[PDB]
Amino acid sequence: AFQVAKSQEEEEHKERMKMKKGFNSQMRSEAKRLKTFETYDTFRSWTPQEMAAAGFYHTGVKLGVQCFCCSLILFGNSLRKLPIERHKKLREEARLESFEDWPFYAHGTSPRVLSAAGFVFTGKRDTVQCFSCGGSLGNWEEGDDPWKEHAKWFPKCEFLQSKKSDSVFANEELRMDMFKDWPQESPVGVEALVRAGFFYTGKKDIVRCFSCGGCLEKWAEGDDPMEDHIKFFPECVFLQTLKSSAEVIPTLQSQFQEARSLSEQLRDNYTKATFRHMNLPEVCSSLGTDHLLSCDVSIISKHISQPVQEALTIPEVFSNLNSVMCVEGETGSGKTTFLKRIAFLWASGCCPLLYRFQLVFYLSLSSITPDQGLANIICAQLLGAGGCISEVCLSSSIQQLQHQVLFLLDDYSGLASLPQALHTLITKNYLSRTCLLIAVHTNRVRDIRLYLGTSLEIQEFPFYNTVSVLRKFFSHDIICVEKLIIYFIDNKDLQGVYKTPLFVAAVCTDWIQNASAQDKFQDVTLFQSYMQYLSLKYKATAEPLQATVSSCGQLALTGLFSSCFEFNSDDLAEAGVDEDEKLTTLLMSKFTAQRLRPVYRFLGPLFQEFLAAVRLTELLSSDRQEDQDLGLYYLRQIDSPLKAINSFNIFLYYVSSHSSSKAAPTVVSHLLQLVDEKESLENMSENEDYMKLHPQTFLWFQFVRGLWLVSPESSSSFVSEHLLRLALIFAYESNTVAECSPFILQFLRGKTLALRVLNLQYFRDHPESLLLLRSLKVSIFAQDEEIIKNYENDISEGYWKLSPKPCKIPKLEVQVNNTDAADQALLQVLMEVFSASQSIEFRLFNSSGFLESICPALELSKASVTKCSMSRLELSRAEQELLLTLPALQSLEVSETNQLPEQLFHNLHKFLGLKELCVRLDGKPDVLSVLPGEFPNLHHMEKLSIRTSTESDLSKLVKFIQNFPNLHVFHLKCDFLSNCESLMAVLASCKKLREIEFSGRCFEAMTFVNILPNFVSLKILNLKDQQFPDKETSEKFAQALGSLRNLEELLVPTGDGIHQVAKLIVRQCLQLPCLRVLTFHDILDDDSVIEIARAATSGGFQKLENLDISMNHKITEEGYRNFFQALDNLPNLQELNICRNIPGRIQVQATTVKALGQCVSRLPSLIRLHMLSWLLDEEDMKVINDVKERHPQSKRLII
Amino acid sequence: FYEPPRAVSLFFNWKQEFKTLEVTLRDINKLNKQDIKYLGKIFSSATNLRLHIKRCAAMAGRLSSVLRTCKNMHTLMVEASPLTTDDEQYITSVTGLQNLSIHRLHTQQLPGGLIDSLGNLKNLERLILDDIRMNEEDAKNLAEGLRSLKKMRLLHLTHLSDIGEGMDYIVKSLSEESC
């Protein structure tokens, strides 16, 4: 918004203090312009041609132009500000050929007053345009005041106001006396120009020699005084007495009435006005040409011995002309547009070498092979070739005036040796010292290559050409042009599909003849319309035109099959025969120079994927013998869900066209076939091509790997968002809404969904069935901001516009962060969705300014609230009275503040339903007083997590905590308890003690060897640092833990209980199944990891995944043996910490540690190894890197 | 090994179960820490190590310093290099050394070294002695070291002087039991 104005001060003022220098007598030369307005960076959306003719000038740095009238630097050329117009707001033959085609109709207004008022006639029915307006119109009525009509038709033309509002001196002192009138714009040495033998005349830069009469052009600021007069006047007699024929050799290495009147007749005929016509406005038929009304391309000039020589321009063709030359491109398109460009603009004469070219000859040889020369085709497709002058005498008029004859030969690819004078002219090209051109495609450049000096390639510059054509021809609609240019940086490979600039007429009909793209502008509509043009152009039946479509479609199946793009030309079992149909169709071509077996090339590599999409609907809604087993075959070769987002986004979004739906349930069944997988990560990351958002696709892998890095359910939640999103677009656009609906209900269930409804018209078909999701989620970390970027590549808008009366809306989820305000509009959105949903899940994360938000939130809401998380609040009284007065609360977690809630506590002991607490860092000996108010209420409790700073009253705790029937996970920790008898009573008088967290309370564990035998079905046990000797706790906890084979997660602390406890305990935990987590912190000296070594050799361990050997005494080659077998033979483990021995543990024998990295790489199913508290080097970085890349199933090595 | 990061790269890409490696050490004069640590960390590629000393001047006192990481060692050869007493104590310190050769010792054999702590190489089988400067009592305590190790199979005592009547103690040490 403002950052373009402040940044406009930044780079515009930084450039304003930089490059003010302007030599406003120098910058008028054309050749230095189109030379240096060609080969610069060119990343904008603006044509360099008429910006070199805008009145400004620029070098080639980032777009900073200057001028002579308004001298200011201007850069950052962006949309819709035409720089010829922005020049204003920031401050003979054409008229002759015009009225030549003058019809009979328009004579209520005279044509000569149209001649005296600046009008140009375009050779159609009575339509005009000015030389610098661009609008050809008819609509002729009576009283049309012509220049005032030009100010009254349309206000587009600012050329309206921009235009409306010697014989006695034959000595070098008298010649030099004429040279003392020297023009300022020439910094060339004047004295050498005096000694060059000229004298001045009186105009700009022409100059008149006295010996022969040399005057001529190419006079600029950095030229040579002698060179042009030598190499372009080699017969000046004073120069002959100055530099003779042996001295013009370095400049040589630097650079009849029937014949004449024949040249006058053919010169009068080759300036044809109706020759302009092209079917580039084919059915659109817009009143306009293709040079003054269309932009251009450039030349990839390539040398014959493989350097890519230059990228010349169209006047740079004229500078060093080629006596015989070939160009590659597209027939119908640019190449014949280049030839008819040469002839039609050769009927204009603006370039300073024009009007002196003699005889061009346009020819298209695709029609003929007529075994007869000039009179056949000049008398056939043109007017005539003369009868008094013979056809060989016409060829004698060629071979008598050869040096300025220019040829425009087309399509030797459809030509053999059958025309006589033609093919013998081409094979004997010396015998006419002429300029020959030819426009053969890249299938048959080899037959021309014997007669070539350099090759020329036509190439589109889709930076600016597509927005010039769609600018000028579609100024009627410019907001979709804004959609195009904003789409150019949302999709930065938009140049990767615009590959031919004169087959954008399908886009032209897809704006003026198909208005659907104006509200549906993404890619597949556009090149779907291009494919529809490929059905319209060469309209035919089910020939191998159509089997060229399908057969090159399975060439595209080989294209994305093994990711092969530039082919081998071996397997032509897909397409094969009649190459003229495939190159005439132009879906492919082949290699130019030598290969061993030559190489096929495409017009567009990503366009090939759209060909494979045509192949996929061909293999989706057609004969079901084995064809859809081929589409099913490759469609099952792509079966990994993390690859599905990007690869199925681009390619399956190409499949999102072609709505036929005869096996769309099979491909959305492949979308349901994607289940919870891990190897999909490097299934995508191993692949090579990524299509449009290519380094961004690398970033998609990085961020989704970051999603699985933290949260497995948020990663799969984003997977659910993209799978349900693209499956929703494909489902609604495929119209399989009642055909696949309960299968989509299988595609919904169990997945937790964050609320995204702005593609609501795809979703609102039947939301009641589409309503049984597992969860609903809103938050306010950076994930939802990236999702804002993802649609950017609302809630109640799509949600109530979705359903006017929602029904039975499921439960909800809230996260809030510390940067949240209290805007009431989103609180009204919360009023709507809380009025809709069942109940709320609610998470407070440091949210200040939420007291002023929780007052209107609970004010608007009613008493239906389940979960509240109280992460680091302010703990004020009024908002917890307002939270307090709502019944049916079920969940409240309180673990943060040293400040203790009192009214919320003792008044939280009133209601019913509550099952979640927490009491971390509070401190209470006496706060338990109205807790016996809760004691009649709730036998419904599912989370208990207590901390006190000292001893509380325990009789109430043993009483009603004894009165619990529905035990659960417990978190208990950290006070001066000193009472194992009350806790022995309550833990001895209960039933369901199967998830116990007793991490580090001051306590004597004599109870646990009594109450652990009372309950056998325990699954999770956590303990932090206690007293733990090696015969009392080792024998008694060897029995008590020995009879406890139901456990899954084990956290044992901090004892001098020594390796006998590893014998019996590592024995029994070795010999129990259903076990996942295991932790031996502050214990396991090296003989105890001998016990995990010899124990871990035999097995019985294959269920385990998580394991911690933090805090050994010393790991060394001992640990290489023990972690060799123990980190070898156990193919399910994934967790390891070796750390916090912090000062100096490089006593590990580092190369044997590299062998231990070989040993960890033996383990397939590992994820996180933590190799902390020793030095690495460069070497083991390369070692754990390279052996990490052996199987990439792991990702978490932590230094 | 003449007079080397490429071979460090060569062993440091993949590591498999090499049986034995033979190390040819030729004329070590320059001695920087980078080659000490690299050529030190190479030597764990095999299950047995055959170290060969060949006229290495920079390893006159750097025996135990370089080979401290090198726990894997099977045999060793000494070819014309200076050596200290504590380095000989490092030779007798390791127990996996099974075969040992020594040649061209001009300096007098100091006590408290190889011949004095001889009975620690409990798997000695092949022992090669050439050109050792000693006296009679050094040969006596040498033979006292010969009374300890009872797994020897091959003995060389070539080119020895100042050994008058030490052979009674040596042959007396050898002809005790059916060895």
# chains A, B, ... in the order shown; residues from 1 in each chain; ligands from 1
$ closest_atom_pairs --of "chain B" --to "chain A" --cutoff "12 Å" --atoms "only C-alpha atoms" --output "Markdown table"
| residue | atom | partner | partner_atom | distance |
| --- | --- | --- | --- | --- |
| B:5 | CA | A:1179 | CA | 10.7 |
| B:8 | CA | A:1179 | CA | 9.1 |
| B:9 | CA | A:1179 | CA | 8.6 |
| B:10 | CA | A:1179 | CA | 11.7 |
| B:11 | CA | A:1183 | CA | 10.6 |
| B:12 | CA | A:1183 | CA | 7.0 |
| B:13 | CA | A:1183 | CA | 6.6 |
| B:14 | CA | A:1187 | CA | 8.1 |
| B:15 | CA | A:1155 | CA | 7.1 |
| B:16 | CA | A:1155 | CA | 8.8 |
| B:17 | CA | A:1155 | CA | 10.4 |
| B:34 | CA | A:1177 | CA | 11.4 |
| B:37 | CA | A:1151 | CA | 10.2 |
| B:38 | CA | A:1179 | CA | 9.0 |
| B:39 | CA | A:1151 | CA | 11.0 |
| B:40 | CA | A:1151 | CA | 9.0 |
| B:41 | CA | A:1151 | CA | 5.5 |
| B:42 | CA | A:1151 | CA | 7.6 |
| B:43 | CA | A:1151 | CA | 8.6 |
| B:44 | CA | A:1151 | CA | 6.7 |
| B:45 | CA | A:1151 | CA | 8.7 |
| B:46 | CA | A:1152 | CA | 11.0 |
| B:47 | CA | A:1152 | CA | 11.6 |
| B:67 | CA | A:1149 | CA | 11.3 |
| B:68 | CA | A:1149 | CA | 9.3 |
| B:69 | CA | A:1149 | CA | 5.9 |
| B:70 | CA | A:1149 | CA | 8.4 |
| B:71 | CA | A:1149 | CA | 8.8 |
| B:72 | CA | A:1152 | CA | 10.2 |
$ write_last_selection --atoms "N, CA and C atoms" --output "PDB file, in the first residue's frame"
ATOM      1  N   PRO B   5      44.658 -36.215   2.214  1.00  0.00           N
ATOM      2  CA  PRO B   5      43.198 -36.219   2.419  1.00  0.00           C
ATOM      3  C   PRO B   5      42.422 -37.086   1.444  1.00  0.00           C
ATOM      4  N   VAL B   8      41.982 -40.461   3.049  1.00  0.00           N
ATOM      5  CA  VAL B   8      41.076 -40.183   4.158  1.00  0.00           C
ATOM      6  C   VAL B   8      39.644 -40.122   3.651  1.00  0.00           C
ATOM      7  N   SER B   9      39.451 -39.499   2.488  1.00  0.00           N
ATOM      8  CA  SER B   9      38.153 -39.522   1.829  1.00  0.00           C
ATOM      9  C   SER B   9      37.784 -40.932   1.395  1.00  0.00           C
ATOM     10  N   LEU B  10      38.777 -41.713   0.954  1.00  0.00           N
ATOM     11  CA  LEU B  10      38.517 -43.032   0.382  1.00  0.00           C
ATOM     12  C   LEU B  10      37.999 -44.000   1.433  1.00  0.00           C
ATOM     13  N   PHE B  11      38.661 -44.073   2.582  1.00  0.00           N
ATOM     14  CA  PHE B  11      38.111 -44.891   3.652  1.00  0.00           C
ATOM     15  C   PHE B  11      36.918 -44.227   4.315  1.00  0.00           C
ATOM     16  N   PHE B  12      36.838 -42.896   4.282  1.00  0.00           N
ATOM     17  CA  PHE B  12      35.733 -42.198   4.925  1.00  0.00           C
ATOM     18  C   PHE B  12      34.578 -41.893   3.978  1.00  0.00           C
ATOM     19  N   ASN B  13      34.110 -42.869   3.205  1.00  0.00           N
ATOM     20  CA  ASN B  13      32.769 -42.812   2.638  1.00  0.00           C
ATOM     21  C   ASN B  13      31.906 -43.982   3.080  1.00  0.00           C
ATOM     22  N   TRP B  14      32.387 -45.207   2.890  1.00  0.00           N
ATOM     23  CA  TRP B  14      31.699 -46.391   3.375  1.00  0.00           C
ATOM     24  C   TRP B  14      32.665 -47.198   4.221  1.00  0.00           C
ATOM     25  N   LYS B  15      32.125 -47.841   5.246  1.00  0.00           N
ATOM     26  CA  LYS B  15      32.918 -48.673   6.134  1.00  0.00           C
ATOM     27  C   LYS B  15      32.261 -50.035   6.202  1.00  0.00           C
ATOM     28  N   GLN B  16      33.021 -51.067   5.865  1.00  0.00           N
ATOM     29  CA  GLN B  16      32.514 -52.426   5.899  1.00  0.00           C
ATOM     30  C   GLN B  16      33.498 -53.263   6.704  1.00  0.00           C
ATOM     31  N   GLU B  17      33.308 -54.573   6.668  1.00  0.00           N
ATOM     32  CA  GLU B  17      34.065 -55.490   7.511  1.00  0.00           C
ATOM     33  C   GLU B  17      35.349 -55.877   6.793  1.00  0.00           C
ATOM     34  N   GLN B  34      46.702 -32.235  11.742  1.00  0.00           N
ATOM     35  CA  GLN B  34      45.618 -32.630  10.850  1.00  0.00           C
ATOM     36  C   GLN B  34      45.871 -34.015  10.266  1.00  0.00           C
ATOM     37  N   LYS B  37      45.445 -36.586  13.186  1.00  0.00           N
ATOM     38  CA  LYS B  37      44.077 -36.990  13.466  1.00  0.00           C
ATOM     39  C   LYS B  37      43.450 -37.740  12.297  1.00  0.00           C
ATOM     40  N   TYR B  38      43.763 -37.375  11.051  1.00  0.00           N
ATOM     41  CA  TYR B  38      43.157 -38.068   9.914  1.00  0.00           C
ATOM     42  C   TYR B  38      43.722 -39.474   9.765  1.00  0.00           C
ATOM     43  N   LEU B  39      45.053 -39.580   9.694  1.00  0.00           N
ATOM     44  CA  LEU B  39      45.702 -40.882   9.587  1.00  0.00           C
ATOM     45  C   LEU B  39      45.510 -41.707  10.853  1.00  0.00           C
ATOM     46  N   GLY B  40      45.242 -41.050  11.983  1.00  0.00           N
ATOM     47  CA  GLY B  40      44.815 -41.777  13.161  1.00  0.00           C
ATOM     48  C   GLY B  40      43.426 -42.366  13.024  1.00  0.00           C
ATOM     49  N   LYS B  41      42.479 -41.600  12.475  1.00  0.00           N
ATOM     50  CA  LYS B  41      41.107 -42.086  12.393  1.00  0.00           C
ATOM     51  C   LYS B  41      40.862 -43.019  11.213  1.00  0.00           C
ATOM     52  N   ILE B  42      41.813 -43.146  10.280  1.00  0.00           N
ATOM     53  CA  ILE B  42      41.663 -44.129   9.205  1.00  0.00           C
ATOM     54  C   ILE B  42      41.670 -45.549   9.763  1.00  0.00           C
ATOM     55  N   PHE B  43      42.491 -45.794  10.780  1.00  0.00           N
ATOM     56  CA  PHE B  43      42.970 -47.124  11.141  1.00  0.00           C
ATOM     57  C   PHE B  43      41.916 -48.016  11.799  1.00  0.00           C
ATOM     58  N   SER B  44      40.645 -47.631  11.812  1.00  0.00           N
ATOM     59  CA  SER B  44      39.589 -48.441  12.400  1.00  0.00           C
ATOM     60  C   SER B  44      38.725 -49.084  11.324  1.00  0.00           C
ATOM     61  N   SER B  45      39.254 -49.190  10.108  1.00  0.00           N
ATOM     62  CA  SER B  45      38.479 -49.772   9.021  1.00  0.00           C
ATOM     63  C   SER B  45      38.476 -51.293   9.066  1.00  0.00           C
ATOM     64  N   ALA B  46      39.528 -51.896   9.602  1.00  0.00           N
ATOM     65  CA  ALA B  46      39.664 -53.342   9.637  1.00  0.00           C
ATOM     66  C   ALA B  46      39.486 -53.867  11.053  1.00  0.00           C
ATOM     67  N   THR B  47      39.441 -55.193  11.157  1.00  0.00           N
ATOM     68  CA  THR B  47      39.392 -55.854  12.451  1.00  0.00           C
ATOM     69  C   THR B  47      40.774 -56.093  13.034  1.00  0.00           C
ATOM     70  N   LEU B  67      48.688 -43.193  18.287  1.00  0.00           N
ATOM     71  CA  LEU B  67      48.009 -44.474  18.416  1.00  0.00           C
ATOM     72  C   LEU B  67      47.107 -44.561  19.636  1.00  0.00           C
ATOM     73  N   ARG B  68      46.832 -43.444  20.313  1.00  0.00           N
ATOM     74  CA  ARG B  68      45.966 -43.481  21.488  1.00  0.00           C
ATOM     75  C   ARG B  68      44.534 -43.825  21.103  1.00  0.00           C
ATOM     76  N   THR B  69      44.036 -43.220  20.029  1.00  0.00           N
ATOM     77  CA  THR B  69      42.749 -43.591  19.462  1.00  0.00           C
ATOM     78  C   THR B  69      42.788 -44.984  18.850  1.00  0.00           C
ATOM     79  N   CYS B  70      43.929 -45.370  18.286  1.00  0.00           N
ATOM     80  CA  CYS B  70      44.066 -46.625  17.554  1.00  0.00           C
ATOM     81  C   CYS B  70      44.100 -47.784  18.538  1.00  0.00           C
ATOM     82  N   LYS B  71      42.919 -48.228  18.964  1.00  0.00           N
ATOM     83  CA  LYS B  71      42.826 -49.395  19.832  1.00  0.00           C
ATOM     84  C   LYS B  71      43.067 -50.674  19.038  1.00  0.00           C
ATOM     85  N   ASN B  72      42.582 -50.709  17.801  1.00  0.00           N
ATOM     86  CA  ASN B  72      42.743 -51.860  16.926  1.00  0.00           C
ATOM     87  C   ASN B  72      44.187 -51.922  16.442  1.00  0.00           C
TER      88      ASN B  72
END
$ residues_around --residues "segment 755-758 of chain A" --least-positions-apart "2" --cutoff "7 Å" --atoms "only C-alpha atoms" --output "MDAnalysis selection string"
chainID A and resid 753 760 776:778 794:795 798:799
$ write_last_selection --atoms "C-alpha atoms" --output "tab-separated table (two decimals), in the first residue's frame"
chain	number	residue	atom	x	y	z
A	753	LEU	CA	-10.85	-30.01	10.31
A	760	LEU	CA	-18.55	-22.80	-0.09
A	776	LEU	CA	-13.38	-28.13	14.11
A	777	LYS	CA	-10.41	-25.84	14.69
A	778	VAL	CA	-9.70	-22.12	14.75
A	794	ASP	CA	-15.16	-14.65	5.45
A	795	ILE	CA	-15.98	-17.24	8.09
A	798	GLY	CA	-19.16	-18.62	3.49
A	799	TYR	CA	-20.61	-20.29	6.57
$ atom_distance --atom1 "atom CA of residue 976 of chain A" --atom2 "atom CA of residue 954 of chain A"
12.6 Å
$ residues_around --residues "residue 275 of chain A" --least-positions-apart "6" --cutoff "9 Å" --atoms "only C-alpha atoms" --output "list in words"
residues 340, 343 and 344 of chain A
$ residues_around --residues "residue 1113 of chain A" --least-positions-apart "6" --cutoff "9 Å" --atoms "only C-alpha atoms" --output "MDAnalysis selection string"
chainID A and resid 1082:1086 1141
$ residues_around --residues "segment 1016-1024 of chain A" --least-positions-apart "4" --cutoff "10 Å" --atoms "only C-alpha atoms" --output "PyMOL selection string"
chain A and resi 969-974+991-1001+1011-1012+1040-1041+1043-1054+1074-1079+1081-1082
$ residues_around --residues "residue 894 of chain A" --least-positions-apart "2" --cutoff "12 Å" --atoms "only C-alpha atoms" --output "short mmCIF file (atom, residue, chain, number, x, y, z; two decimals) with N, CA, C and O atoms, in the first residue's frame"
data_model
loop_
_atom_site.label_atom_id
_atom_site.label_comp_id
_atom_site.auth_asym_id
_atom_site.auth_seq_id
_atom_site.Cartn_x
_atom_site.Cartn_y
_atom_site.Cartn_z
N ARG A 843 -8.71 -22.62 24.25
CA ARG A 843 -7.32 -22.59 24.67
C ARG A 843 -6.80 -21.16 24.75
O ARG A 843 -6.69 -20.47 23.73
N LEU A 844 -6.43 -20.76 25.97
CA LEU A 844 -5.91 -19.43 26.27
C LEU A 844 -4.39 -19.49 26.34
O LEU A 844 -3.84 -20.10 27.26
N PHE A 845 -3.73 -18.85 25.38
CA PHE A 845 -2.27 -18.84 25.31
C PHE A 845 -1.79 -17.41 25.47
O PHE A 845 -1.66 -16.69 24.48
N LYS A 867 -14.28 -26.97 27.16
CA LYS A 867 -12.86 -26.95 27.48
C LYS A 867 -12.31 -25.54 27.56
O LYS A 867 -12.51 -24.73 26.65
N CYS A 868 -11.61 -25.25 28.65
CA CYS A 868 -10.92 -23.98 28.85
C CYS A 868 -9.51 -24.27 29.34
O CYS A 868 -9.31 -24.96 30.35
N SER A 869 -8.53 -23.74 28.62
CA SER A 869 -7.12 -23.86 28.97
C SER A 869 -6.63 -22.50 29.44
O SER A 869 -6.83 -21.50 28.76
N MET A 870 -5.95 -22.48 30.59
CA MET A 870 -5.71 -21.19 31.23
C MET A 870 -4.24 -20.80 31.22
O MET A 870 -3.68 -20.43 32.25
N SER A 871 -3.61 -20.89 30.04
CA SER A 871 -2.19 -20.62 29.87
C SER A 871 -1.88 -19.15 30.13
O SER A 871 -2.16 -18.29 29.30
N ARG A 872 -1.26 -18.90 31.30
CA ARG A 872 -0.64 -17.65 31.76
C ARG A 872 -1.52 -16.41 31.52
O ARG A 872 -1.23 -15.51 30.74
N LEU A 873 -2.63 -16.40 32.26
CA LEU A 873 -3.60 -15.31 32.25
C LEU A 873 -3.16 -14.19 33.19
O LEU A 873 -2.03 -14.18 33.70
N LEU A 875 -5.32 -13.46 35.81
CA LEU A 875 -6.04 -13.90 37.01
C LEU A 875 -6.69 -12.71 37.73
O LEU A 875 -6.28 -12.29 38.82
N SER A 891 -14.05 -29.20 31.31
CA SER A 891 -12.59 -29.23 31.22
C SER A 891 -12.00 -27.86 31.51
O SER A 891 -12.39 -26.87 30.88
N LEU A 892 -11.05 -27.81 32.44
CA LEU A 892 -10.37 -26.60 32.87
C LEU A 892 -8.94 -26.95 33.27
O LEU A 892 -8.74 -27.55 34.33
N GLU A 896 -0.23 -22.66 35.51
CA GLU A 896 0.69 -21.62 35.06
C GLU A 896 1.09 -20.63 36.15
O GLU A 896 2.29 -20.43 36.39
N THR A 897 0.14 -19.99 36.82
CA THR A 897 0.41 -18.81 37.63
C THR A 897 0.77 -19.21 39.06
O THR A 897 0.16 -20.09 39.66
N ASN A 898 1.77 -18.52 39.61
CA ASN A 898 2.06 -18.56 41.03
C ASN A 898 0.94 -17.95 41.86
O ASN A 898 0.73 -18.36 43.01
N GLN A 899 0.23 -16.98 41.30
CA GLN A 899 -0.97 -16.40 41.89
C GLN A 899 -2.06 -17.45 41.79
O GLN A 899 -2.26 -18.05 40.73
N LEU A 900 -2.76 -17.69 42.89
CA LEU A 900 -3.68 -18.82 42.99
C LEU A 900 -5.12 -18.34 42.90
O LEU A 900 -5.50 -17.42 43.63
N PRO A 901 -5.94 -18.91 42.01
CA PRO A 901 -7.37 -18.58 42.02
C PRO A 901 -8.08 -19.14 43.24
O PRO A 901 -7.85 -20.28 43.65
N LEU A 904 -12.71 -18.77 41.94
CA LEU A 904 -12.89 -19.72 40.86
C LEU A 904 -12.65 -21.15 41.34
O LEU A 904 -13.24 -22.09 40.81
N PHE A 905 -11.80 -21.32 42.35
CA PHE A 905 -11.56 -22.64 42.92
C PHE A 905 -12.74 -23.10 43.78
O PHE A 905 -13.43 -24.08 43.45
N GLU A 916 -11.24 -31.82 34.31
CA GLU A 916 -9.87 -31.40 34.04
C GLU A 916 -9.50 -30.23 34.94
O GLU A 916 -10.35 -29.38 35.23
N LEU A 917 -8.24 -30.19 35.37
CA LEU A 917 -7.77 -29.24 36.37
C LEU A 917 -6.40 -28.76 35.91
O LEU A 917 -6.16 -28.73 34.70
N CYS A 918 -5.63 -28.16 36.81
CA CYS A 918 -4.24 -28.49 37.11
C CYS A 918 -3.79 -27.51 38.18
O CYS A 918 -4.47 -26.51 38.43
N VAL A 919 -2.76 -27.88 38.93
CA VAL A 919 -2.40 -27.19 40.18
C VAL A 919 -0.88 -26.99 40.17
O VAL A 919 -0.20 -27.16 41.19
N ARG A 920 -0.31 -26.75 38.99
CA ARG A 920 1.13 -26.54 38.95
C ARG A 920 1.51 -25.16 39.47
O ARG A 920 0.93 -24.14 39.08
N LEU A 921 2.50 -25.16 40.38
CA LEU A 921 3.13 -23.96 40.94
C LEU A 921 2.14 -23.04 41.66
O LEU A 921 2.04 -21.86 41.34
N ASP A 922 1.40 -23.57 42.62
CA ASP A 922 0.45 -22.76 43.37
C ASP A 922 0.81 -22.65 44.85
O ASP A 922 1.03 -21.55 45.36
N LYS A 943 -9.11 -35.88 34.78
CA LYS A 943 -7.73 -35.40 34.81
C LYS A 943 -7.45 -34.77 36.16
O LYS A 943 -8.08 -33.77 36.53
N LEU A 944 -6.49 -35.34 36.88
CA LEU A 944 -6.05 -34.83 38.18
C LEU A 944 -4.54 -34.61 38.10
O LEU A 944 -3.79 -35.52 37.73
N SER A 945 -4.11 -33.39 38.43
CA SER A 945 -2.73 -32.98 38.30
C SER A 945 -2.42 -31.92 39.35
O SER A 945 -2.70 -30.74 39.15
N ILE A 946 -1.83 -32.34 40.46
CA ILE A 946 -1.74 -31.48 41.63
C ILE A 946 -0.28 -31.12 41.89
O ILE A 946 0.63 -31.93 41.68
N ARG A 947 -0.06 -29.87 42.29
CA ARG A 947 1.19 -29.45 42.92
C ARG A 947 0.85 -28.58 44.12
O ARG A 947 -0.01 -27.70 44.03
#
$ residues_around --residues "residue 96 of chain B" --least-positions-apart "6" --cutoff "10 Å" --atoms "only C-alpha atoms" --output "count of residues only"
11
$ closest_residue --among "B:176, B:83, B:137, B:129" --to "residue 154 of chain B" --atoms "only C-alpha atoms"
B:129
$ select_by_dssp --residues "segment 29-165 of chain B" --states "helix (DSSP H, G or I)" --output "number ranges by chain"
B: 33-42, 63-66, 85-93, 118-120, 136-146
$ atom_distance --atom1 "atom CA of residue 764 of chain A" --atom2 "atom CA of residue 797 of chain A"
12.7 Å
$ select_by_dssp --residues "chain B" --states "strand (DSSP E)" --output "PyMOL selection string"
chain B and resi 18-26+46-54+75-79+99-103+105-108+126-133+154-160
$ closest_residue --among "B:95, B:147, B:139, B:51" --to "residue 175 of chain B" --atoms "only C-alpha atoms"
B:147
$ closest_residue --among "A:741, A:425, A:492, A:714" --to "residue 781 of chain A" --atoms "only C-alpha atoms"
A:714
$ closest_residue --among "A:289, A:1034, A:585, A:746" --to "residue 548 of chain A" --atoms "only C-alpha atoms"
A:585
$ closest_residue --among "A:1100, A:146, A:1057, A:750" --to "residue 1088 of chain A" --atoms "only C-alpha atoms"
A:1057
